[PDB]
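As structure tokens, one chain now follows by itself in the form deposited in one PDB entry.
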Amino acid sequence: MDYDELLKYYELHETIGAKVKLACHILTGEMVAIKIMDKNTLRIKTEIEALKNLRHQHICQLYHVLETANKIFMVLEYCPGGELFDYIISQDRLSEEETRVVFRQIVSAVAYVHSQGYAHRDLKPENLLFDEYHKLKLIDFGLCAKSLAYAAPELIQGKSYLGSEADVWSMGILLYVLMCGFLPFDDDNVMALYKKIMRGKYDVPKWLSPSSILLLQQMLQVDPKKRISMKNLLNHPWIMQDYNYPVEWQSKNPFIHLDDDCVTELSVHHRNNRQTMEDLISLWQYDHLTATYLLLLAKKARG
């Protein structure tokens, strides 16, 4: 009963990870990742609402939501490059230059999330995946609003906070891990870790440049009001080094504009006219029609 409707649209492959299954969209032949959630074993509603309203080059795209009596299925953008967490480990640590390449992509996604009125609240390398073009995609918006090693001091303490300030702190931890390959605050004991985060003191390895050190101090402030704002992160001197242009955070992936080639390709599978087809896609119901349209756009982007 749980997989009946899903099997009308997707050919299921292997379980890779909520359970995560790889699959192929029948109509287009495009690969997808399907996140499966048991309604009676559980956050799902939070992530769905957010993802329906977020659409960006650095956010893992939601294509289709299906619901049964026991399950909720979320069909998502295929990211075969795997986790940034596994990537950092495989490389030991990244140079400042490669860190900047990946960090500017994280800044792009996070700034857009804040521009839409949300805060991610769970930024960490396990939540960033590489796609086939080696571009980062931000995942898991289950804790989003309108892990302990990455949490801001105020968030752990159960104090009132601004999600944007907690995200900037988490991005500071990410920046450190990218250039060092280990956490700034770490301990086997949870209370000793909590003490280390509240104190805000960390080791500064010899390989970090003066500019990297200054940017880390600006993000890693225990006092959230002393943290750099997202707007100042966009054109920060360290961020601009070797680029000379601020981070492009605006979305290149629209809700309004439709691609004529993909509307044409999609229309052959339906008994409706052109205008009816465009009006239906524009409703963004995250049904099979939404999935088909967005997967045709990903197929076109490959060519």
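Here the rigid core means the biggest group of C-alpha atoms that line up within 1.5 Å when the two forms are laid on top of each other. For every residue, the number given is its place in the sequence shown, counted from 1.
Among the other PDB entries of this protein that were compared and that flank it with modelled residues, residue 161 is left unmodelled in a third or more. Among the other PDB entries of this protein that were compared and that flank it with modelled residues, residue 146 is left unmodelled in a third or more. According to the PDB entry, the deposited sequence contains 4 to 9 residues between residue 42 and residue 43 that lack coordinates. Per the record, residue 146 and residue 147 are separated by a gap of 10 or more residues from the deposited sequence that were not modelled. Per-stretch averaging of Cα B factors for 86 to 94 and 110 to 118 places 86 to 94 on top. Stretches 128 to 136 and 165 to 173 differ in mean CA B factor, with 128 to 136 having the higher one. Ranking 155, 179, 191, 220 by the C-alpha B-factor listed in the PDB entry places 155 at the top.
In this PDB entry, residue 78 carries a Cα temperature factor that places it within the lowest third of its chain's modelled residues. Ranked by C-alpha B-factor against the other modelled residues of its chain, residue 15 falls in the highest third. The PDB entry assigns residue 207 a C-alpha temperature factor belonging to the highest third of its chain's modelled residues. Among the modelled residues of its chain, residue 238 has a C-alpha B-factor that falls in the middle third, as given in the PDB entry.
When the modelled residues of the chain are ordered by their C-alpha B factor, residue 259 lands in the middle third.
If you look for the form deposited in another entry, you will not find it shown, but the lines that follow are about it.
When the two forms are overlaid on the rigid core, CA displacement between this form and the one not shown of 2 Å or more is confined, within 227, 121, 71, 104, to 71. Annotation: Cα of residue 273 displaced by at least 2 Å between this form and the one not shown, core superposition.
Comparing the forms between this form and the one not shown, the C-alpha position of residue 56 differs by less than 2 angstroms, with the core used for superposition.
In the core-superposed comparison between this form and the one not shown, residue 36 has its Cα shifted by at least 2 Å.
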